[PDB]
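Consider the single chain below, provided in structure tokens and representing the form deposited in one PDB entry.
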């Protein structure tokens, strides 16, 4: 794929944005107030998480990406904005002064976690409808929409967003979250892993059992295709015209990398099966480094 063909590939990433933050410290003593460790923090690292990382991958492959999401009026909010600007992602953020920007803080010492700390809230109804209005404006400016769900509240109106995108002839990719997929109704492609697929469809016993177990799930959800990631076993694309398997070639943030690759490819006008094939090579690489596959490495 010419780097100028996918240069005009426009992907609109929509969903839950967050900041993955880490504190590394030393624990030498116990607190005088409680029977708990004391962590003298020596350094802090951070990277874009959630939908933000998904959008990060579309750019490094040579394409363009936009991020429709909600942040708060706080420090991590400012930080995401800065981190977005320095990664090539066009930001389309709604600000909720009452919302804390989603952040997952890990506290570590001796290369071991002691605690995880979350900051998160449900966006106000007012804010969500504002974003939905932005989606209307942003839709025509893009070739494919990517729904990155993390159950934080950003994809409350995903069903509506999907039906608007499909009505404009734009593909809708969904990175799932949870056991309720009724909201993903009408989506072009949905990309769960083996664990994620179960809780919706249950456990199975043969690729012929899994085969039909996927067929009806696609049939009752107006979902045209399902891309099942299987780690060691590779991927399987269940498209109603057939199936396509792709083995590995060699771990974190790989799910973000595969759906971003498929999205940016489709936007570049490359066929689905080819897009899925490329998503496998991109997958085989980021597991060898979070990471973002460049244009030079993929081809």
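Positions refer to the first chain, counted from 1. Take the two forms, superpose them, and find the largest set of C-alpha atoms that agree within 1.5 Å; that set is the rigid core.
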For the stretch from residue 36 to residue 37, please bin the deposited residues that the model skips: none, 1 to 3, 4 to 9, or 10 or more. none
Quick one: classify how much of the deposited chain lacks coordinates between residue 289 and residue 290, choosing none, 1 to 3, 4 to 9, or 10 or more. 1 to 3
Of 63-71 and 268-276, the stretch whose C-alpha atoms average the higher B-factor in the entry: 268-276
Comparing mean C-alpha B factor in the record for 209-217 and 141-149, the higher one is 209-217
Looking at 86, 101, 112, 124, which has the highest Cα B-factor in the entry? 86
Out of 30, 260, 246, 52, which one has a C-alpha B factor higher than all the others in the entry? 246
Residue 118: which third of its chain by C-alpha temperature factor? lowest
According to the PDB entry, is the CA B factor of residue 41 in the bottom, middle or top third of its chain, that is, lowest, middle or highest? lowest
Residue 154 by Cα B-factor - lowest, middle or highest third of the modelled chain: lowest
What third of the chain does residue 198 rank in for C-alpha temperature factor, lowest, middle or highest? highest
Of the three thirds of Cα B-factor ranks in this chain, residue 57 occupies the middle
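One more form of this protein, deposited in another entry, exists but is not displayed; see below.
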C-alpha displacement of 2 Å or more between this form and the one not shown on the rigid core, among 132, 93, 138, 109: 109
Would you tell me if residue 118 moves between this form and the one not shown by 2 Å or more at its C-alpha, with the rigid core held superposed? yes
Displaced residue check between this form and the one not shown: residue 270, CA, 2 Å or over, core reference: no
After fitting the core, residue 59 CA displacement of 2 Å or more between this form and the one not shown: no
